[PDB]
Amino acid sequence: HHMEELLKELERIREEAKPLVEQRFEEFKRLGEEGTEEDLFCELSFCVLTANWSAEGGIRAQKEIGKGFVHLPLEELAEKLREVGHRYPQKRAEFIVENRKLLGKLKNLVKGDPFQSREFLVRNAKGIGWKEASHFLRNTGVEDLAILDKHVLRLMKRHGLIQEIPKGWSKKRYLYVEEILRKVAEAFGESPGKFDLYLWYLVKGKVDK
């Protein structure tokens, strides 16, 4: 399959998807602009939980646990994650509890240079790698970054943009594949952060987060 085929299909869904994409982005921008440290922490926790899980699951976990991500002890947090169906509740709970060290630092991170903020989160936030750090930043309104998850990587491979799907990341390799996708986003006329939502609309016609 060729790149033009992908762009044409995206153009066919663009008009219908746009209101959903724009409304979802307004919510992301609201979080970055008006969100408290705890609000940002809950979004970081959403990204920990959806590393290898559906947006639907993470949204349900966020709804059910809420500020529990901030205050619950490890055992109680793990139990609530087990209750909402997470497959790895103990380890994700441990990541979230450890990440509480970042409360007080998130507002500045979200406002900082997004490439530098992503580097920080990769190194310092548990359960957050290159993809999940990009995801968190995008979900606070950042538009500069791609979220290279399995769905996006498979689309890129199917349309000849990359030759193989990476099963792990480094700074240089993530930046490289991200730049490939940035050029596609630019060809379409959208920022990487919004382009991601158009790409995901292709699957089932949904715009989650």
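When you see a residue number, it is the position in the sequence shown, counting from 1.
Per-stretch averaging of Cα B factors for 155-163 and 55-63 places 155-163 on top. Comparing 102-110 with 89-97, the stretch with the higher mean C-alpha B-factor in the PDB entry is 102-110. Across the residues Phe46, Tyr176, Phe28, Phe69, the deposited record lists the maximum Cα B factor for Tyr176.
Compared with the other modelled residues of the chain, the Cα B-factor recorded for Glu186 ranks in the highest third. Per the deposited record, the Cα B-factor of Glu79 falls in the middle third when ranked against the other modelled residues of its chain.
In the deposited entry, the Cα temperature factor of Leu7 sits in the middle third of values across the chain's modelled residues. Sorting the modelled residues of the chain by their CA temperature factor places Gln116 in the highest third. In the deposited entry, the Cα temperature factor of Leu148 places it in the lowest third of its chain's modelled residues.
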